[PDB]
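Right, one structure below, let's go through it.
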Amino acid sequence: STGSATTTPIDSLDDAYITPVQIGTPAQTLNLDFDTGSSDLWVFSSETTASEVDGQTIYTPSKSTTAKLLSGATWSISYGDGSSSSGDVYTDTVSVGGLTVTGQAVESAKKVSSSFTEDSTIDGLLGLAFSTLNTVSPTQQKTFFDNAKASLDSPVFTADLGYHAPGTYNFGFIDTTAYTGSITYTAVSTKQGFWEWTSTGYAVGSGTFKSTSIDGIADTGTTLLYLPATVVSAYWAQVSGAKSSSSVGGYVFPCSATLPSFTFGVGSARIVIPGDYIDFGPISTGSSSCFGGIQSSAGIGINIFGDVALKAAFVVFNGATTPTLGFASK
(Lines of atoms letter the chains of each structure in order from A and count residues from 1; the text may use other names and numbers.)
(Lines give C-alpha, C1' and ligand atoms only; values in the text may rest on other atoms or scores of the structure.)
Protein backbone atom coordinates (compact mmCIF):
# COMPACT_ATOMS: atom_id res chain seq x y z
CA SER A 1 0.00 0.00 0.00
CA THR A 2 0.85 3.69 -0.25
CA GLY A 3 -0.57 7.02 0.83
CA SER A 4 -0.10 10.58 -0.39
CA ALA A 5 -1.43 13.72 1.29
CA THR A 6 -0.95 17.41 0.69
CA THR A 7 0.44 19.45 3.56
CA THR A 8 -0.42 23.16 3.73
CA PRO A 9 1.24 26.04 5.61
CA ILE A 10 -0.94 27.36 8.42
CA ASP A 11 0.00 31.00 7.76
CA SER A 12 2.00 33.28 5.47
CA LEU A 13 5.27 32.54 7.32
CA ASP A 14 5.17 28.73 7.08
CA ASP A 15 5.08 28.55 10.88
CA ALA A 16 3.79 24.99 10.61
CA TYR A 17 2.09 22.70 8.11
CA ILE A 18 -1.23 20.88 8.45
CA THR A 19 -2.24 17.66 6.73
CA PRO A 20 -5.80 16.29 6.69
CA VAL A 21 -6.24 12.99 8.55
CA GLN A 22 -9.38 10.83 8.60
CA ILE A 23 -10.19 9.37 12.02
CA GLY A 24 -13.04 7.00 12.82
CA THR A 25 -16.15 5.72 11.10
CA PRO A 26 -17.71 7.69 9.53
CA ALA A 27 -14.54 9.66 8.99
CA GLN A 28 -13.86 12.74 11.06
CA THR A 29 -11.26 14.81 9.22
CA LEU A 30 -8.84 16.72 11.43
CA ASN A 31 -5.90 18.83 10.26
CA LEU A 32 -2.82 17.54 12.06
CA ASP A 33 0.75 18.78 12.37
CA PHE A 34 2.95 15.91 11.17
CA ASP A 35 5.93 15.96 13.53
CA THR A 36 9.04 13.86 12.87
CA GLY A 37 10.33 15.04 16.27
CA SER A 38 7.67 13.32 18.40
CA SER A 39 5.77 10.06 18.54
CA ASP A 40 2.21 10.73 19.77
CA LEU A 41 -0.88 11.08 17.59
CA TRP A 42 -3.05 13.35 19.71
CA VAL A 43 -6.15 15.37 18.89
CA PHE A 44 -8.45 18.01 20.21
CA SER A 45 -11.57 16.13 21.19
CA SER A 46 -15.01 16.19 22.76
CA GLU A 47 -13.10 15.52 26.02
CA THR A 48 -10.92 18.64 25.78
CA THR A 49 -11.64 21.22 28.49
CA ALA A 50 -14.11 23.53 26.77
CA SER A 51 -12.27 26.76 27.63
CA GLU A 52 -9.15 25.31 25.96
CA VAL A 53 -10.87 24.82 22.58
CA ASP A 54 -10.98 27.91 20.35
CA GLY A 55 -11.86 27.07 16.76
CA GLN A 56 -10.20 23.67 16.36
CA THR A 57 -12.04 20.73 14.86
CA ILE A 58 -12.53 18.03 17.48
CA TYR A 59 -12.59 14.25 17.38
CA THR A 60 -15.71 12.83 19.06
CA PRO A 61 -15.04 9.13 19.74
CA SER A 62 -18.66 8.45 20.73
CA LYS A 63 -19.65 9.24 17.12
CA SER A 64 -17.18 6.71 15.67
CA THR A 65 -18.44 3.14 15.43
CA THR A 66 -14.84 1.87 15.32
CA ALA A 67 -13.54 3.78 18.35
CA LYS A 68 -12.66 1.80 21.46
CA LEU A 69 -11.41 3.21 24.75
CA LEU A 70 -7.93 1.86 25.48
CA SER A 71 -8.73 1.05 29.06
CA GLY A 72 -6.45 2.59 31.67
CA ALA A 73 -4.21 4.34 29.15
CA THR A 74 -3.19 7.95 29.63
CA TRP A 75 -0.70 10.22 27.95
CA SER A 76 1.10 13.46 28.71
CA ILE A 77 3.64 15.24 26.55
CA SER A 78 5.82 18.33 26.81
CA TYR A 79 7.42 19.74 23.68
CA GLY A 80 10.69 21.59 23.24
CA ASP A 81 8.87 24.92 22.94
CA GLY A 82 7.33 24.54 26.40
CA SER A 83 3.87 23.54 25.18
CA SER A 84 2.12 20.45 26.48
CA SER A 85 -1.02 18.33 26.37
CA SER A 86 -2.46 15.25 28.08
CA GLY A 87 -5.46 12.95 28.16
CA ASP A 88 -6.75 9.44 27.56
CA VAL A 89 -6.56 7.08 24.59
CA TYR A 90 -8.82 5.42 22.05
CA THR A 91 -7.98 3.05 19.27
CA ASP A 92 -9.63 3.83 15.95
CA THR A 93 -9.16 3.66 12.20
CA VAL A 94 -6.87 6.38 10.89
CA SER A 95 -6.25 7.16 7.22
CA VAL A 96 -3.74 9.53 5.65
CA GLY A 97 -3.86 10.19 1.95
CA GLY A 98 -5.57 6.87 1.24
CA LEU A 99 -3.38 4.75 3.56
CA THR A 100 -5.43 3.17 6.36
CA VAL A 101 -4.31 1.83 9.74
CA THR A 102 -6.80 0.02 11.93
CA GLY A 103 -6.35 0.03 15.69
CA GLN A 104 -4.23 3.19 15.74
CA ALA A 105 -3.85 4.81 19.15
CA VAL A 106 -5.60 8.17 18.99
CA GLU A 107 -4.68 10.18 22.06
CA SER A 108 -7.63 12.36 23.05
CA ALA A 109 -6.69 15.59 24.80
CA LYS A 110 -8.36 16.45 28.05
CA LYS A 111 -5.96 19.38 28.54
CA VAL A 112 -3.83 21.41 26.14
CA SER A 113 -1.50 24.30 26.88
CA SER A 114 -2.32 27.83 25.81
CA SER A 115 -0.22 27.82 22.65
CA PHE A 116 -2.36 25.00 21.24
CA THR A 117 -5.63 26.69 22.21
CA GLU A 118 -4.44 29.92 20.59
CA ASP A 119 -3.72 28.21 17.26
CA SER A 120 -7.09 27.45 15.72
CA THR A 121 -5.53 25.90 12.60
CA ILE A 122 -3.92 22.86 14.25
CA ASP A 123 -6.29 20.13 15.45
CA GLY A 124 -3.54 17.92 16.90
CA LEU A 125 -0.22 16.29 16.10
CA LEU A 126 0.74 13.12 14.24
CA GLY A 127 4.13 11.97 15.50
CA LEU A 128 6.58 10.38 13.08
CA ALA A 129 9.64 9.91 15.30
CA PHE A 130 10.44 6.48 16.73
CA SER A 131 7.81 4.75 18.85
CA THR A 132 10.22 4.57 21.81
CA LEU A 133 9.25 8.22 22.48
CA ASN A 134 5.51 7.58 22.63
CA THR A 135 4.15 8.77 25.97
CA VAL A 136 1.17 6.44 26.46
CA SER A 137 1.22 4.71 29.84
CA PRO A 138 1.21 1.98 31.03
CA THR A 139 1.42 0.43 27.53
CA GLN A 140 3.44 2.44 25.03
CA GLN A 141 1.78 2.75 21.62
CA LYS A 142 3.09 2.73 18.06
CA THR A 143 3.13 5.63 15.64
CA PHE A 144 0.99 5.67 12.53
CA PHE A 145 4.08 4.94 10.43
CA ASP A 146 5.15 2.05 12.67
CA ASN A 147 1.68 0.51 12.38
CA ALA A 148 1.55 1.02 8.61
CA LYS A 149 5.13 0.02 7.82
CA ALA A 150 4.66 -3.70 7.19
CA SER A 151 1.84 -3.01 4.71
CA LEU A 152 3.66 -0.32 2.74
CA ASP A 153 5.26 -1.08 -0.61
CA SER A 154 8.53 0.21 0.90
CA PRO A 155 9.06 1.09 4.59
CA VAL A 156 9.55 4.80 3.98
CA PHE A 157 7.82 8.14 4.14
CA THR A 158 8.89 11.35 2.47
CA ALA A 159 8.50 15.01 3.40
CA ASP A 160 8.34 17.58 0.60
CA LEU A 161 7.48 20.83 2.36
CA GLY A 162 6.74 23.93 0.31
CA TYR A 163 8.09 27.44 0.70
CA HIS A 164 5.02 29.63 1.08
CA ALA A 165 3.11 26.88 -0.72
CA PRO A 166 1.63 23.43 -0.12
CA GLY A 167 3.76 20.31 -0.25
CA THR A 168 3.37 16.56 0.14
CA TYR A 169 3.81 13.72 2.60
CA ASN A 170 4.06 10.33 0.88
CA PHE A 171 4.02 6.94 2.57
CA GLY A 172 5.41 3.76 1.05
CA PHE A 173 7.06 5.10 -2.10
CA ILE A 174 9.59 7.63 -3.35
CA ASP A 175 8.19 9.97 -6.05
CA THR A 176 11.14 10.20 -8.42
CA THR A 177 9.54 13.22 -10.16
CA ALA A 178 9.57 15.29 -6.94
CA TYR A 179 13.29 16.08 -6.77
CA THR A 180 16.25 16.93 -8.96
CA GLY A 181 19.52 15.05 -9.15
CA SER A 182 20.03 12.16 -6.76
CA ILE A 183 19.05 11.44 -3.17
CA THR A 184 22.02 11.28 -0.80
CA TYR A 185 21.43 8.94 2.12
CA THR A 186 23.07 9.38 5.50
CA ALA A 187 23.20 7.36 8.70
CA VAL A 188 20.65 7.76 11.50
CA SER A 189 21.02 7.19 15.23
CA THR A 190 17.77 6.20 16.95
CA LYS A 191 19.33 6.27 20.43
CA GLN A 192 17.35 9.38 21.44
CA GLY A 193 14.21 8.34 19.54
CA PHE A 194 14.73 10.95 16.81
CA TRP A 195 15.74 10.95 13.17
CA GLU A 196 19.20 12.02 14.30
CA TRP A 197 21.96 12.43 11.72
CA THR A 198 25.25 14.26 11.17
CA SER A 199 25.57 17.04 8.62
CA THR A 200 29.01 17.36 7.06
CA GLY A 201 29.21 21.17 7.27
CA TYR A 202 27.88 24.47 6.04
CA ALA A 203 28.42 27.55 3.93
CA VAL A 204 27.06 31.09 4.24
CA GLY A 205 26.00 32.68 0.97
CA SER A 206 28.67 32.30 -1.68
CA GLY A 207 31.32 31.64 0.96
CA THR A 208 33.55 28.62 1.23
CA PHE A 209 32.15 25.40 2.63
CA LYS A 210 33.26 24.63 6.19
CA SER A 211 33.64 20.89 6.72
CA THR A 212 32.51 20.14 10.26
CA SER A 213 30.25 17.50 11.79
CA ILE A 214 26.92 18.85 13.03
CA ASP A 215 24.74 16.28 14.79
CA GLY A 216 21.06 17.15 14.75
CA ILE A 217 17.53 15.94 14.16
CA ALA A 218 15.25 16.15 11.13
CA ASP A 219 12.16 17.68 12.74
CA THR A 220 9.15 18.68 10.64
CA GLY A 221 7.40 19.90 13.77
CA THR A 222 9.94 22.66 14.45
CA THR A 223 9.66 25.83 12.37
CA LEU A 224 13.24 27.08 12.39
CA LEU A 225 16.81 25.84 11.92
CA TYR A 226 18.66 25.63 15.26
CA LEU A 227 22.43 25.24 14.98
CA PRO A 228 25.52 25.79 17.14
CA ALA A 229 26.18 29.37 18.17
CA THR A 230 29.40 29.53 16.14
CA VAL A 231 27.56 28.61 12.91
CA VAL A 232 24.67 30.97 13.61
CA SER A 233 26.99 33.88 14.41
CA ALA A 234 28.85 33.27 11.14
CA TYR A 235 25.57 33.44 9.23
CA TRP A 236 24.20 36.62 10.82
CA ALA A 237 27.57 38.38 10.60
CA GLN A 238 26.87 38.56 6.85
CA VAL A 239 23.67 40.60 7.41
CA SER A 240 24.29 44.27 8.18
CA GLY A 241 22.56 45.27 11.38
CA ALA A 242 21.66 41.76 12.48
CA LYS A 243 22.11 41.04 16.17
CA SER A 244 21.03 38.63 18.87
CA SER A 245 18.32 40.20 21.01
CA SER A 246 17.82 38.73 24.47
CA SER A 247 14.52 40.58 24.82
CA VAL A 248 13.13 39.23 21.55
CA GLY A 249 14.62 35.76 22.04
CA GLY A 250 17.05 35.37 19.18
CA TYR A 251 18.64 36.93 16.15
CA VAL A 252 16.78 39.78 14.52
CA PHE A 253 17.70 41.70 11.42
CA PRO A 254 16.57 44.83 9.57
CA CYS A 255 13.55 44.08 7.44
CA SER A 256 15.26 46.05 4.63
CA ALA A 257 18.05 43.45 4.42
CA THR A 258 18.53 40.91 1.66
CA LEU A 259 19.46 37.64 3.38
CA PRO A 260 22.21 35.32 2.11
CA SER A 261 21.56 31.66 1.48
CA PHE A 262 22.70 28.96 3.89
CA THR A 263 24.06 25.62 2.66
CA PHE A 264 24.24 22.44 4.71
CA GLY A 265 26.10 19.26 3.84
CA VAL A 266 24.62 15.79 3.49
CA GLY A 267 27.61 13.58 2.87
CA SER A 268 29.30 15.05 -0.18
CA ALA A 269 26.03 16.65 -1.31
CA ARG A 270 24.84 20.16 -0.53
CA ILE A 271 21.36 21.53 0.22
CA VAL A 272 20.96 25.27 -0.35
CA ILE A 273 18.42 27.19 1.74
CA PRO A 274 17.62 30.42 -0.15
CA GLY A 275 17.91 33.60 1.88
CA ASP A 276 14.19 34.32 1.62
CA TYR A 277 13.44 31.09 3.51
CA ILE A 278 15.26 32.58 6.53
CA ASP A 279 12.97 35.63 6.83
CA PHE A 280 10.26 35.22 9.48
CA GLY A 281 8.97 38.75 9.21
CA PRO A 282 8.45 41.59 11.66
CA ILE A 283 8.87 40.73 15.33
CA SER A 284 5.55 42.55 15.96
CA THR A 285 3.10 44.08 13.52
CA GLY A 286 4.57 47.14 11.84
CA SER A 287 8.09 46.66 13.20
CA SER A 288 11.10 47.07 10.94
CA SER A 289 12.97 44.44 12.98
CA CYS A 290 12.51 40.98 11.48
CA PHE A 291 12.96 37.58 13.13
CA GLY A 292 15.62 35.25 11.77
CA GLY A 293 14.99 31.70 10.65
CA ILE A 294 18.40 30.42 11.76
CA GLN A 295 18.82 30.52 15.53
CA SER A 296 21.20 29.16 18.13
CA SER A 297 20.59 25.72 19.61
CA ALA A 298 22.81 26.52 22.60
CA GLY A 299 19.88 26.52 25.04
CA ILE A 300 18.19 23.43 23.56
CA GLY A 301 20.75 20.65 23.94
CA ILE A 302 20.37 19.41 20.36
CA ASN A 303 20.63 20.90 16.89
CA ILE A 304 17.36 20.89 14.97
CA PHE A 305 16.96 20.79 11.18
CA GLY A 306 13.44 22.18 11.27
CA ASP A 307 11.18 23.32 8.46
CA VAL A 308 13.54 26.12 7.30
CA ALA A 309 16.06 23.44 6.34
CA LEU A 310 13.74 20.60 5.37
CA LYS A 311 11.61 22.65 2.98
CA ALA A 312 14.71 23.25 0.85
CA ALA A 313 14.90 19.50 0.22
CA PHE A 314 13.02 16.36 -0.66
CA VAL A 315 13.55 14.27 2.47
CA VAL A 316 13.31 10.47 2.74
CA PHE A 317 12.65 8.96 6.16
CA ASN A 318 13.76 5.38 5.53
CA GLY A 319 12.34 3.12 8.24
CA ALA A 320 14.10 -0.04 7.16
CA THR A 321 15.56 -2.27 9.87
CA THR A 322 18.53 0.10 9.97
CA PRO A 323 16.92 3.52 9.39
CA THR A 324 18.55 6.17 7.21
CA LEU A 325 17.69 9.66 5.97
CA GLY A 326 17.86 10.82 2.37
CA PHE A 327 18.08 14.38 1.06
CA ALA A 328 17.71 15.64 -2.50
CA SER A 329 17.51 19.11 -3.95
CA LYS A 330 14.27 20.00 -5.69
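Start at 1 and count along the chain as shown; that gives each residue its number.
The way this entry was determined, per its header, is X-ray crystallography, 1.0 Å.
Quick reminder: no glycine exception, Cβ is built from N, Cα and C everywhere.
Record features, source Swiss-Prot:
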ACT_SITE  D35  active site
ACT_SITE  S199  active site
DISULFID  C255-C290  disulfide bond
DOMAIN    17-328  domain 'Peptidase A1'
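The Cα atom of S199 (active site) lies nearest to that of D35, taking the recorded positions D35, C255, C290 as the candidates. The Cβ of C255 (disulfide bond) has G281, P282, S287, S288, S289, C290 as same-chain neighbours under 8 Å, each 6 or more residues away in sequence. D35 (active site): 21 other CB atoms within 10 A of its CB, across all protein chains. A sphere of 10 angstroms centred on the C-beta of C290 (disulfide bond) encloses 22 other C-beta atoms. The Cβ neighbour count for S199 (active site), using a 10 Å radius over every protein chain in view, is 22.
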